[PDB]
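Chain and residue survey
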Amino acid sequence: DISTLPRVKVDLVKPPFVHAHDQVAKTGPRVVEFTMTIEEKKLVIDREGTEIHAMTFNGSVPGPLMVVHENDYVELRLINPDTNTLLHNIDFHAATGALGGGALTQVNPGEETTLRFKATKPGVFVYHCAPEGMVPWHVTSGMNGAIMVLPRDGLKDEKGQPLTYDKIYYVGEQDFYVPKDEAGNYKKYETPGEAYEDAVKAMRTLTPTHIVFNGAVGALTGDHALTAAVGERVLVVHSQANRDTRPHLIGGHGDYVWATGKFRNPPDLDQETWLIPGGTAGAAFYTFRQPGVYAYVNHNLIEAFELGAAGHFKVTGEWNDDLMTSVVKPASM
Amino acid sequence: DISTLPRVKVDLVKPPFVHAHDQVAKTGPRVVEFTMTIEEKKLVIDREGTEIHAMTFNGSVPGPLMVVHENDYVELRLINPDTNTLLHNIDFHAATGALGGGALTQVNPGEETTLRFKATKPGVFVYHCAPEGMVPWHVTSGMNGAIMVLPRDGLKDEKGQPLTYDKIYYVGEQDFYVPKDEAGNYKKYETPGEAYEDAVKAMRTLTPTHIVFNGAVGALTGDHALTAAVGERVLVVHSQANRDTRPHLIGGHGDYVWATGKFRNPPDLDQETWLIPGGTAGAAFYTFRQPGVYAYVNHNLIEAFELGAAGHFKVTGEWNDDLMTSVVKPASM
Amino acid sequence: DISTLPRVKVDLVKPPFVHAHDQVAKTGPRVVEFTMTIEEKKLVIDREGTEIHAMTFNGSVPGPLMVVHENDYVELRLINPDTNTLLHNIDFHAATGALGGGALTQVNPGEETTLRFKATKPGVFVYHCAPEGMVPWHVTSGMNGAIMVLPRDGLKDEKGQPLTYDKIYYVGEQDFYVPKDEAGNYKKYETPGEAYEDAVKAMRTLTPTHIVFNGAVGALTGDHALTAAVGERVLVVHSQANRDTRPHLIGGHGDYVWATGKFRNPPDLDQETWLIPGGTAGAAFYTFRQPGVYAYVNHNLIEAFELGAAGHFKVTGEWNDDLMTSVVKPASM
Ligand SMILES: [Cu+2]
Ligand SMILES: [Cu+2]
Ligand SMILES: [Cu+2]
Ligand SMILES: [Cu+2]
Ligand SMILES: [Cu+2]
Ligand SMILES: [Cu+2]
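Per the deposited record, the coordinates in this entry were obtained by X-ray crystallography to a resolution of 1.9 Å.

As annotated in the PDB entry, chain A carries the name NITRITE REDUCTASE and is attributed to Achromobacter cycloclastes. Readers searching the PDB will find this entry under the title "THE STRUCTURE OF CU-NITRITE REDUCTASE FROM ACHROMOBACTER CYCLOCLASTES AT FIVE PH VALUES, WITH NITRITE BOUND AND WITH TYPE II CU DEPLETED". Taken verbatim from the UniProt record of chain A, the Catalytic activity comment is "nitric oxide + Fe(III)-[cytochrome c] + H2O = Fe(II)-[cytochrome c] + nitrite + 2 H(+)". Comment text from UniProt for chain A, heading Pathway, reads "Nitrogen metabolism; nitrate reduction (denitrification); dinitrogen from nitrate: step 2/4."

Following this line, the structure appears as structure tokens:
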């Protein structure tokens, strides 16, 4: 049976970008093959040069977004090179059985493995590393990403009418818990193992030191802001593998939102802000109507503006005065 | 076009009360004009006399509730008198473009401005101050409120049947982060600027020192409890501009609840407790069936009973023994 | 009227198990009688022997799950034996009036009382102790449980088709705040009253020291794991009386989920993780398709793996290779 199915190999791209795919399936079920290489590496996460030992899927935080269709088979080749120091594995919330695949994918440095699973449910799901005994440490070190399982006939609104996006971006939100000394300065370590004991004490406080989008404070700002034009329909997939978040587009809305990200449910309309529970991926669809800069944020404003959970969208086009206008510009009373 | 539309000026009232309005629109689209004056002032927030420098819209925490209908134009005159010390602005989650109006409304002390925007989406939305660089500080100092955009044909249940309320109250929930000395006593400052540096360190802990309704511990209790009678239908609008909350009416329910507050979505029925994400306004409809005192609370009971997030409802009417009755009054075994 | 109704006495069972009942009602409305005895007792909650003075309904944390049908009358006999030291009462979120019954059920040691209320709304609800002035202390000491009010015609899916479970389990999640000394070691007390002052200071930090299922770290693991077989439909009721949680079945899904637990609303489909607000009970339905061990967790992984919020399911049956298979077992590159 599977033997007889067609197979296509797909090369992943770095977040916030997403690999090429079809919204409405043009072929029947296939075996979609992906390859990911584990990379343990130092990462500076803020302006002051704070550095951590990140554990990544393909060298990025978050790991890349995989896109398949309902009932395709996902075949993943997972490689843990001998240059790494720790055992890793992968748990797909999209999969059924063996702890999401975690029990079947344990690889020490120098090993690789190939897992296959059937994508039976449509929606966006979180995938993350989960080794017995050190699950939170690997997850909060950036070892998580997401997979989107699109219905074979694409996305639909509450009335069952088609929703087609022109652009899609993947925003992975990460809560970090950097160990601190007595005065409050962040500690630095030579290897991941040296950090272990302190990491556990830092996590138990339940208070992140940093909460960032795309691995670093300001990662999606300035020259890295997300782009769009007035009239374009944009799908924003957002994931948080360990902690709740409440996304919000400043100056815009979520026209259609699947906060818990499962496509067989009708979306919520006109959301100002929505809650994505820790351990979940969600998606929001919006059509831009005004040009300018928009701030995309976690709406606990302390987490957004003090801790790092803020990004930008720069949109081009003509301003619509009917929607909004400054009647009297700021001036002396 | 707008030139030709009728205009009505509306005078706002202090929370928890709401200005007069029509549920079902009797006229066509209009330009609804409001005026708000910014007021920086000292506020004692608890029984022990803890004082803070609040930043308010119209002298209250939360700012007043504005009520318009879908497709009306909101025209707001915002005045920042010379008696204030800081730059302020306003961001309406109900608006589209320019950061909700934040980029078009920056006024220093002694200035004013007039913004107009089209209310294209029905629901309850949060509005708040958001100056570049000090967003969380202004929000957590009480500078936020809400606006309700009613469908032109009023509220409806899941089956599309009309829902008419007899009374409406606005509960604004506020998380405060008062700086403390080494022993745990709250600090006091002469001006807002003197508090700034300490405020930022207090916010980064992510742990509020107070969480109150209507600006102070016990604000909606005793002689200030909300009132109703058995048989009355009450709509309770609740907003939290920075942090999640989980409202609950002790002894009652939320018969119809729009937790994320957007009216084009059908409401949830029979809720015991519901989650309103930080940066959102929600609404719950309930018909009183028993007289007596009801406690309206944030259901994290520590936040409610230790931190200040609790209010009362005193309802008049006849007791219904079919619904509830004490069969055997407390007595010695 | 009530005089004329049939009455049935039901003996409760210890969580995670649930007392015998009918899903679809075979008789008309009845007066269902229950008896609960309050028990103040020492409980060791972790591996290191940390001990607390728990306040319980029937000797367990959580208290037992009560199951009735819509429009039955619940008649509860509540006994507070003279061996206890504190005043207690009970508040049913399922009830209407008198603070959920809290104002009618205050019993000092040596007293008892009998309350009756009509179960007018279907769903799973939280019930908990709530004495004036010490509400959070009694709740966070384990004095809470849940009641399920089933529609008279059983559970249904989004299309109104019947959903019948073969097994049902009740998972009560508890956040504990154990007082600590300067070095971080947990304190021990002789009686509940001796703990009082320190308990309040511990709660105000808003940071639990332990978050457990069924009263202790590892309570639902090893020989106490929940059981099922491939093909069985299982309903898992989960409650959190004071704090938000985000349940997740590792290796599975929530096929039908009522996150806020009210049955008149259609369930959410295919959830990976769902949010149950503090002060609420929810229910998830799933059909097992793969055998093996599954971890049932609160998906804030620090709370699950560091703090205690983790349990197991051991399922028997044949492995399905179509759903998942290890193509290449872990081996040297
Ligand atoms: Cu790993
Ligand atoms: Cu997971
Ligand atoms: Cu301001
Ligand atoms: Cu905002
Ligand atoms: Cu008690
Ligand atoms: Cu309660």
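From this point, things continue past the structure.
1. Re the overall build of chain A
Looking only at helices and strands, chain A features three helices and 22 strands. Compactness check: chain A gives a C-alpha radius of gyration of 21 Å against a globular reference of 20 Å for 333 residues, within 12% of the reference. Within the span of chain A, comprising 333 residues, buried residues form 66% of the whole. Here chain A displays about 11,500 Å² of accessible surface, and carbon together with sulfur accounts for 49% of that area.

2. A closer look at the sheet that holds strand β20 (residues 292-298) of chain B
Residue and element names in this part refer to chain B. Spatial strand order, β14-β21-β20-β16: four strands in an open sheet with mixed pairing. Strands at the two margins of the open sheet, each flanked by one partner only, are β14 (226-229) and β16 (247-250). The sheet shows a mean angle of 25° between the axes of neighbouring strands, taken without regard to direction. Both β20 and strand β21 (residues 310-316) contribute to a ladder of six bridges, which runs antiparallel. When the sheet's bridge partners are listed, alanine 295 is paired in β21 with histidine 312.

3. Quick notes on the relation of the copies chain A and chain C
Once turned by 120° and shifted 0.0 Å along the axis, chain A lies on chain C with an RMSD of 0.0 Å. Expressed as an axis order, the relation between the two copies is that of a three-fold axis. Taken together, the interface assignments show that only 2% of the residues at the interface of chain A recur at the interface of chain C, consistent with different surfaces on the two copies.

4. Some words on the coordination of the copper ion (ligand 1)
All names here are of chain A. Protein coordination at the copper ion (ligand 1) comes from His88 (ND1), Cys129 (SG), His138 (ND1) and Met143 (SD), with a distance range of 2.0 to 2.6 Å. Between the four donor atoms coordinating the copper ion (ligand 1), the angles at the centre fall across 87 to 135°, so the site counts as irregular. Read N to C, the donor residues that coordinate the copper ion (ligand 1) are spaced as H-x40-C-x8-H-x4-M. Of this pair, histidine 88 sits in the loop between β5 (73-80) and β6 (91-92) while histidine 138 is found in helix α1 (residues 135-139), placing the two residues 50 residues apart along the sequence. Classification of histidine 88 by relative accessible area gives buried; the value is 0%.

5. Description of the interface of chain A and chain B
Across the boundary between the two partners, chain A contributes 43 residues, which contact 58 residues of chain B. Where chain A abuts chain B, roughly 4,200 Å² becomes buried across the two surfaces, and 56% of that area is made up of carbon and sulfur atoms. Broken down residue by residue, the surface that chain A buries against chain B is led by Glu272, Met324 and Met333 of chain A, which jointly contribute 17%. Run the count over chain A and chain B and you get 26 residue pairs in polar contact. Listed by contribution, the elements that provide at least two residues to the side of chain A that touches chain B are β16 (247-250), β18 (268-271), β20 (292-298), α3 (301-305) and β22 (324-332) of chain A. The element contributing the most residues to the side of chain A that touches chain B is β22 of chain A, with nine residues. For the side of chain A that touches chain B, a count of residues per class yields 21 nonpolar, 12 polar and 10 charged. When β22 of chain A meets strand β7 (residues 111-118) of chain B, the two strands line up antiparallel, connected through six bridges. Bridge pairing in β7 of chain B links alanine 331 of chain A to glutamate 112 of chain B.

6. What to know about the coordination of the copper ion (ligand 4)
For the copper ion (ligand 4), the full set of protein donor atoms is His299 of chain A (NE2), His93 of chain B (NE2) and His128 of chain B (NE2), at a range of 2.0 to 2.2 Å. Here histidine 93 of chain B lies in the loop between β6 (91-92) and β7 and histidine 299 of chain A lies in the loop between β20 and α3, a pairing that spans two chains.

7. Some details on the UniProt feature "binding site: Cu cation 1" in chain A
All names here are of chain A. UniProt marks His88, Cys129, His138 and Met143 with the feature "binding site: Cu cation 1", using the numbering shown here. In summary, the annotated positions, though distributed over 56 residues, converge in three dimensions, the widest C-alpha pair being only 9.4 Å. Contacts of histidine 88, omitting those with residues within four sequence positions, involve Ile38, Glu40, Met55, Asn80, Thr105, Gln106, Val107, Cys129, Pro131, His138 and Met143. Among the polar contacts made by the side chain of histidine 88, one reaches the side chain of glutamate 40 at a distance of 2.7 Å. Within the fold, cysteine 129 resides in the loop between β8 (123-128) and α1. When its relative accessible area of 0% is taken as the criterion, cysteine 129 is described as buried. Ignoring any residue separated from it by four or fewer positions in sequence, one finds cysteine 129 in contact with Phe57, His88, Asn89, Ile90, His138, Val139 and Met143.

8. Focus: the interface of chain A and chain C
Each partner contributes residues to the interface: chain A has 58 residues there, and chain C has 43 residues. Surface buried jointly by chain A and chain C totals about 4,200 Å² across both partners, of which 55% is contributed by carbon and sulfur atoms. Along the contact surface separating chain A from chain C lie seven salt bridges. Here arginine 264 of chain A and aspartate 270 of chain C are joined by a salt bridge, their closest N and O atoms 3.3 Å apart. When contributions to the side of chain A that touches chain C are tallied by element, the ones reaching two or more residues are β5, β7 (111-118), β8, α1, α2 (192-203) and β19 (280-287) of chain A. Per-element accounting of the side of chain A that touches chain C gives the leading share, eight residues, to β7 of chain A.

9. Some points on the domain arrangement of chain A
Residue and element names in this part refer to chain A. Along its sequence, chain A is carved into domain 1 (1-151) and domain 2 (152-318). Its C-alpha centre places domain 1 at a distance of 19 Å from the equivalent point of domain 2. Listed per partner, the contact involves 50 residues of domain 1 and 51 residues of domain 2. Interface area, domain 1 with domain 2, both sides summed: about 4,000 Å², of which 65% is carbon and sulfur. On the surface where domain 1 and domain 2 come into contact, there are one salt bridge. The shortest N-O distance in the salt bridge between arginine 264 and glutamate 70 comes to 2.5 Å.

10. Describing the pairing of strand β2 (residues 31-44) of chain A
Residues and elements named next belong to chain A. In this sheet, β2 lies alongside strand β1 (residues 7-9) in parallel orientation, the contact comprising three bridges. If you follow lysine 9 over to β2, its bridge partner there is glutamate 33. Pairing geometry for β2 and β5, over seven bridges, is parallel. What sits directly across from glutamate 33, in β5, is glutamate 75.

11. Examining the side chain of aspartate 244 of chain C
Tracing the backbone shows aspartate 244 of chain C in the loop between β15 (233-240) and β16 (247-250). In terms of polar contacts, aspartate 244 of chain C uses its side chain to reach the side chain of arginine 246 of chain B, at 2.8 Å. Of note is the side chain of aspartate 244 of chain C, whose polar atom sits 2.8 Å from the backbone nitrogen of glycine 278 of chain C. Every residue in contact with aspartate 244 of chain C, bar those within four places of it in the chain, is listed here: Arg246 and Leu275 of chain B together with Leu275, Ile276, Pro277 and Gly278 of chain C.

12. A word on the pattern of salt bridges
The tally for this structure, following the rule as stated, stands at 57 salt bridges over all chains. A salt bridge links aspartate 166 of chain A to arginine 233 of chain A; the nearest nitrogen and oxygen atoms lie 2.8 Å apart. On the criterion of sequence distance, the pair formed by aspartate 166 of chain A in the loop between β11 (162-163) and β12 (167-176) and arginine 233 of chain A in strand β15 (residues 233-240) is long-range, its members being 67 residues apart. Judged by relative accessible area, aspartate 166 of chain A falls into the partly exposed class, the value being 42%. Since its relative accessible area comes to 30%, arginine 233 of chain A is described here as partly exposed. By sharing partners, the salt bridges in this structure join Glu70, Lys121 and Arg264 of chain A together with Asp255, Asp270 and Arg289 of chain C into a single network.

13. Some words on the sheet that holds strand β6 (residues 91-92) of chain C
Residue and element names in this part refer to chain C. Taken together, four strands build an open sheet; the order of strands is β4-β9-β8-β6 and the sheet is mixed. Edge positions in the sheet fall to β4 (65-69) and β6, since each has one partner strand and no second. Two elements, strand β8 (residues 123-128) and strand β9 (residues 144-150), share six bridges in a ladder whose sense is antiparallel. Within the sheet, the bridge partner assigned to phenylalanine 125 lies in β9 and is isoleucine 147.

14. A word on the UniProt feature "binding site: Cu cation 2" in chain A
Under the feature "binding site: Cu cation 2", the UniProt entry names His93, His128 and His299 of chain A. Of the residues just listed, which span 207 residues, the most distant C-alpha pair is 25.6 Å apart, and they do not cluster in one region. Inspection of the secondary structure assignment puts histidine 128 of chain A in strand β8. If near-sequence neighbours (up to four positions away) are discounted, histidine 128 of chain A is found in contact with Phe57, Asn89, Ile90, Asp91, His93, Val139, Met143 and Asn144 of chain A together with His299 and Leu301 of chain C. Within the structure, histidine 128 of chain A has its side chain in polar contact with the side chain of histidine 93 of chain A (distance 3.1 Å). Contacts of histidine 299 of chain A, omitting those with residues within four sequence positions, involve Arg246, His248 and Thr273 of chain A together with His93, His128, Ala241, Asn242, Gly278 and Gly279 of chain B.

Thresholds applied
- Residues numbered from 1 in each chain as written, not as in the entry; some residues may be left out.
- Chains lettered and ligands numbered in written order.
- Heavy atoms only, no water.
- UniProt positions renumbered as here; feature names shortened; annotations may be inferred.
- Helix = DSSP H or I, 4+ residues; strand = E, 2+ residues; numbered from the N terminus.
- Rg over C-alpha atoms; globule rule 2.2 N^0.38 Å.
- Buried < 20%, exposed > 50% of the residue type's maximum accessible area, 1.4 Å probe, protein only.
- Areas by Shrake-Rupley, 256 points an atom, 1.4 Å probe, with all protein chains shown as cover.
- Pairing = 2+ DSSP bridges.
- Axes fitted to C-alpha atoms, helices over the stretch in contact; angles between N-to-C directions.
- Least-squares fit on C-alpha atoms.
- Contact = heavy atoms within 4.5 Å.
- Donors = N, O, S within 2.8 Å, 3.2 Å for Na, K, Ca; no water.
- Tetrahedral: all angles 85-135°; square planar, octahedral: opposite > 155°, others 65-115°.
- Buried area = accessible area lost by both parts, 1.4 Å probe.
- Polar contact = N/O pair within 3.5 Å; in protein donor to acceptor, adjacent residues only side chain to side chain.
- Nonpolar A, V, L, I, M, F, W, Y, C, P; charged D, E, K, R; others polar.
- Salt bridge = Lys/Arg side-chain N within 4 Å of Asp/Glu carboxyl O.
- Domains from an automatic or database assignment.

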